[PDB]
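One chain comes next, on its own, written as structure tokens: the form deposited in one PDB entry.
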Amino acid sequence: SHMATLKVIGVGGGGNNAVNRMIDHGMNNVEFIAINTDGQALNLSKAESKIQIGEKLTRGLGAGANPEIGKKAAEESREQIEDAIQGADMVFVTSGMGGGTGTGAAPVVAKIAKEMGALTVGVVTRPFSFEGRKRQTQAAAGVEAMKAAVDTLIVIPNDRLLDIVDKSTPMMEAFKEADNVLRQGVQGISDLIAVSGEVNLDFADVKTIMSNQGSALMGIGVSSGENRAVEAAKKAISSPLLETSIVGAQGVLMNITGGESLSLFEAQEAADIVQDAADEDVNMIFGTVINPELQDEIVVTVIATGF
């Protein structure tokens, strides 16, 4: 009764890319769905479920950077999108904003998922500044449309990738770092749903922290040794890639996983790190999992909303 069905939906080129790379990484008990106008992109997708939208509009090509085409394509394929989502308790929609299919279709996909009762999370990118103003303006319109259609939204400005690379870092490695935001969020929620805790949080706690909230932060931190709880908590909340930082969070789900050495003192330390960084009076849903396979490692999972 506890095993909520999670689906990750990539919409458009960048979304499809993220799905392919997450499948390559390995991720079980999550169903992947690839949605695109671009038939050739879908032919290369590794997702078990593929939905080609807008064939009568685009003749099987991509949207050619036109959000109107992405929106029309998704609206006309509503039933096929519904069929793929059916059964979902939680849907993550990922897309690169600024082109046509992601910008236009991802908000339609999210609205369909929300009206099917799924807890609906968007994780989307904004374009690099070097792509120019029209891409950014189109992306802004997509982001606003996404915000209206999801329960929670995580935006990754691609310009932040320029903050974490050196002059040689392969573009594909930078893209994998952006992928981690979505992948680790999904994994942390999957683990929370599946693993019974000593202070047990479940999918109903996820729904409470995320339903109808707007901006969100999802983070995981892992540390060991001295100060592990503080360091893990800091890692969970500190991503350089996020538009929405922890500052201003008024609601937090925090789950700590450790071995039998997990101390009460360090749990409070981790909670205090999150509360202080939010710089608000935070309402916390606190959970603890004891994994005796763990020795000195501690894992802190954070979901923050209420901005």
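Start at 1 and count along the sequence shown; that's the residue number.
Not on display, but discussed next: the form solved in complex with a small molecule.
Answer with one of 85, 143, 232, 154: the residue that has a non-hydrogen atom within 4.5 Å of the small molecule in the deposited bound form. It is 154.
Listed residue that, although the small molecule is not shown, lies within 4.5 Å of it in the deposited bound form (heavy atoms), from 118, 73, 218, 81: Among 118, 73, 218, 81, a heavy atom within 4.5 Å of the small molecule in the deposited bound form occurs only for 218.
When you measure heavy atoms, are 10, 30 and 42 every one within 4.5 angstroms of the small molecule in the deposited bound form? No, the candidate spot makes no contact with the small molecule.
Among 143-151, 73-81, 108-116, 219-227, mark the stretch whose residues have heavy atoms within 4.5 Å of the small molecule in the deposited bound form. Careful reading of the contacts points to 219-227.
With heavy atoms only and a cut-off of 4.5 Å, decide whether residue 89 touches the small molecule in the deposited bound form. No, no contact at 4.5 Å.
Tell me, yes or no, whether residue 213 is in contact with the small molecule in the deposited bound form, where a contact means a heavy atom of each within 4.5 Å. Outside the cut-off, so no.
Using a 4.5 Å heavy atom cut-off, state whether residue 200 contacts the small molecule in the deposited bound form. Output for residue 200 is yes: heavy atoms within 4.5 Å of the small molecule.
In the deposited bound form, does residue 237 have a heavy atom within 4.5 Å of the small molecule? Output for residue 237 is no: heavy atoms all beyond 4.5 Å of the small molecule.
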